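Remarks on the overall topology
This is what each chain is made of:
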Amino acid sequence: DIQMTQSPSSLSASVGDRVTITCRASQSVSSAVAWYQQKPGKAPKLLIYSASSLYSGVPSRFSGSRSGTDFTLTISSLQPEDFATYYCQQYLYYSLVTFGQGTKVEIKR
Amino acid sequence: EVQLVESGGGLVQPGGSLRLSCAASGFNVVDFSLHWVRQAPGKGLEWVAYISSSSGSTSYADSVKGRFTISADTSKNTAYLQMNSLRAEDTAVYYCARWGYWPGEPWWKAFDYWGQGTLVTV
Amino acid sequence: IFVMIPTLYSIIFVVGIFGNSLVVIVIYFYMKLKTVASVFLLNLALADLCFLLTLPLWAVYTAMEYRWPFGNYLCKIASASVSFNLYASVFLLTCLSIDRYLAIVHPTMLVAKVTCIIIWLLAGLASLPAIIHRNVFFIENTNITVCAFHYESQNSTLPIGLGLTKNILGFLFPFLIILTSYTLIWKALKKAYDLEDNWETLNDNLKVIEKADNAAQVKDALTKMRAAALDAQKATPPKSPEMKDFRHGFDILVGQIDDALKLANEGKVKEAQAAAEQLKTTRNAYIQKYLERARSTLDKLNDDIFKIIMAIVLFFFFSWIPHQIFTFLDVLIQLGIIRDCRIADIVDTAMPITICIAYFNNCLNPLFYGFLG
Amino acid sequence: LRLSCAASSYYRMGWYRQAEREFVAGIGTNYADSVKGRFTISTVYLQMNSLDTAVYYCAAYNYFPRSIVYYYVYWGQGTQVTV
Ligand SMILES: CCCCc1nc(Cl)c(CO)n1Cc1ccc(-c2ccccc2-c2nn[nH]n2)cc1
Ligand SMILES: CC(C)CCC[C@@H](C)[C@H]1CC[C@H]2[C@@H]3CC=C4C[C@@H](O)CC[C@]4(C)[C@H]3CC[C@]12C
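A complete count under the given rule lists 21 salt bridges over all chains for this structure. The shortest N-O distance in the salt bridge between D348 of chain C and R66 of chain D comes to 2.4 Å. Taken together, the positions of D348 of chain C in helix α12 (residues 341-357) and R66 of chain D in the loop between β7 (55-61) and β8 (72-74) put the pair across two chains. What makes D348 of chain C buried here is its relative accessible area of 19%. For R66 of chain D, a relative accessible area of 31% gives the class partly exposed. Members of the salt-bridge network, linked through shared partners, are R38, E46, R67 and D90 of chain B.

Our focus in this paragraph is the domain arrangement of chain C. Here chain C is partitioned into domain 1 (4-150 + 303-320 + 358-371) and domain 2 (189-299). The C-alpha centroid of domain 2 of chain C is placed 51 Å from the C-alpha centroid of domain 1 of chain C.

On the side of chain A, 21 residues touch chain B, which itself brings 26 residues to the contact. In this assembly, chain B packs against chain A so that about 2,000 Å² is buried in total across both faces, 64% of it on carbon and sulfur atoms. Scanning the region where chain B abuts chain A turns up zero salt bridges. Linking chain B with chain A are seven residue pairs in polar contact, by the criterion used here. Among the secondary structure elements, those contributing two or more residues to the side of chain B that touches chain A are β4 (33-39), β5 (45-51), β9 (92-99) and α1 (105-108) of chain B. Tallied by class, residues from the side of chain B that touches chain A come to 14 nonpolar, seven polar and five charged.

Attention now moves to the site of ligand 2. All names here are of chain C. Looking at ligand 2, the residues that line it are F318, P322, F326, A350, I353 and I357. Out of a free accessible area of 620 Å², ligand 2 has 38% covered by protein chains. Contributions of two or more residues to the shell around ligand 2 are made by α11 (321-334) and α12. Broken down by element, the residue count for the shell around ligand 2 peaks at three residues, all from α12. Across the shell around ligand 2, the residue classes break down as six nonpolar, no polar and no charged.

So, on to the packing of helix α3 (residues 72-105) of chain C against helix α10 (residues 306-319) of chain C. All names here are of chain C. Their axes nearest at 11 Å, the elements α3 and α10 cross at an angle of 140°. One way to sum up the angle between α3 and α10 is to call them oblique. Both α3 and α10 take part in a crossing whose hand is left-handed. Here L86, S89, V90, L93, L96, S97, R100 and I104 of α3 come into contact with α10, specifically with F306, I309, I312, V313, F316 and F317. Tallied by class, the residues present in the contact of α3 with α10 amount to eleven nonpolar, two polar and one charged.

Cut-offs and rules
Residues numbered from 1 in each chain as written, not as in the entry; some residues may be left out. Chains lettered and ligands numbered in written order. Heavy atoms only, no water. Salt bridge = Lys/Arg side-chain N within 4 Å of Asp/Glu carboxyl O. Helix = DSSP H or I, 4+ residues; strand = E, 2+ residues; numbered from the N terminus. Buried < 20%, exposed > 50% of the residue type's maximum accessible area, 1.4 Å probe, protein only. Domains from an automatic or database assignment. Contact = heavy atoms within 4.5 Å. Buried area = accessible area lost by both parts, 1.4 Å probe. Polar contact = N/O pair within 3.5 Å; in protein donor to acceptor, adjacent residues only side chain to side chain. Nonpolar A, V, L, I, M, F, W, Y, C, P; charged D, E, K, R; others polar. Near = heavy atom within 4 Å. Areas by Shrake-Rupley, 256 points an atom, 1.4 Å probe, with all protein chains shown as cover. Axes fitted to C-alpha atoms, helices over the stretch in contact; angles between N-to-C directions. Parallel < 35°, antiparallel > 145°, perpendicular 65-115°, else oblique. Left-handed = near helix turned anticlockwise from the far one by under 90°.

Given below as structure tokens:
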């Protein structure tokens, strides 16, 4: 029953900014943490299948990291299509799946 | 050409029974474990249940345990989800992701391909 | 400086002679010459003994306020000894660090003997400035005599060249090599400790499974065990034979953990405990070798040969920092880079203190054998 | 007779004679007691008033208590004088 908590509930940033989303696990789950990106009205899309291993077909600006039980997702260049909700999933086992609460990245005005 | 599609979503009275399909293509259910993830309207993703066709093992979330039943069919490439005694908390969009088998890289790619999602309301 | 400096040299002489003589005795009797580290430490003790033999000359010279009555040949020999001590110490410390790195990360007496020969020749050949330059110099018409460092017009840039040789060839390159070796040692120790800690967590949770009643405790212990196994599979030992049986063994282990979790989730406890019991067959078949290697690597840290060399190397390069800074400042002053009168007076009034504290390692190297033995 | 050392040099300068390497003069204004009151040293220049004779060097060293750990004495090419 590992609980994932995302520190930024919302992240208002402008195009070209560097955004970092932090997600923390209650227990140790190894590098079994994945990151998704759900546009409103469609299914999520995998971005970082391991804690820091980028997926295939997604831009190389996304980059994860692990520092124990703290997992961070970073977008170097916040392109206009990178505005969606980002979830962290802990997938240590099939019945132990737990998602984060989401980080709605918005446009800064 | 890999694709997962859902069906069976709709309006059902509370306490009723609903059948959700996950007709897949581009792979076989015997190669991946098909999980069901829901998302309440304007809320976060929640894991519901899963089935492993090879091992025959099915698990359920502690909030849906017993009430829901999940099965699969190798020939049809469908992972049915039988939901009974639906409450007000079960109104959500039910996705159907796929997950690889240990050992190897397919396991580390968790929920790499998701279904289109289907909406059920009570 | 008039009386503070000669007292420290006297203390270094008596303690060093008494100390470095026992180290030779101990190494030749108790810590018998069966390893390269013993040979290198014996050579280091001999170098310290030679420097301490020549030390009372400089003690008397500084006591008399920089007047040298010991002659010209003694003036050059007692400076060649100091230069040789510095160079031999740095070379033997580099050899000791390389020996420790080889013995830890990559588990011959002839090589050690040849290396000692090469070191005692290279230190003597690098102490040639003190042999071909140092001579007694009479300060003007006064009866004062000093052991100066002469150089003609042909032998230009000799002060700058000597300072650079002391800084980069004598200190900087040895320091970089030692830092690289100890960083590699730290990386290997960190990998081994990660593997050992993850397996200790796995074994503790396995024992928890053994003394368990309900499926909830079994499930939690299996969760912790699976996390530990996934973490341990990433702690590949540093240096296909490897990277294919370690990872395969841990894949088998995590598969068995998954089977145990599958049995536990269904409500069965006896079968989950049986699978947890079977989990040690994989250890005895695939992972026991790497666990033994990790414990062996971690066991090369608590021996009383690693702490001695670690203390000797760290103290030596810590005690030479004050002298290397002022020597570098002296080169800048004579290069014309800095002409400040305030800074110039600082360097001249503090150089004797730096050179006095830079050779306290020759005194307290034997003390480490007792403090960490 | 005048000699030059090609200096104009914050160290003490001096002239040494080897007939060995005995002191003659030095400025930073000092003279050897045997030759005191006759030779003049002034930059660096040594001017002769009368004629012993040997090869004269020009050393460039610090003061006595300064930089004693590494005490350098920059010498110069000998210039034998005519008797
Ligand atoms: C702890 C022993 C003190 C040595 C010492 N103190 C004083 Cl003061 C002197 C006078 O020059 N000296 C002589 C001396 C000073 C430095 C060195 C030296 C040290 C390291 C590297 C090179 C040298 C050197 N200097 N000249 N030739 N070699 C050698 C002899
Ligand atoms: C690692 C340890 C052993 C280093 C030794 C301590 C160092 C930092 C100490 C020891 C002797 C000290 C010097 C002793 C004398 C002087 C002259 C004084 O007018 C200014 C400070 C100065 C220049 C000191 C600077 C700091 C100094 C170099």
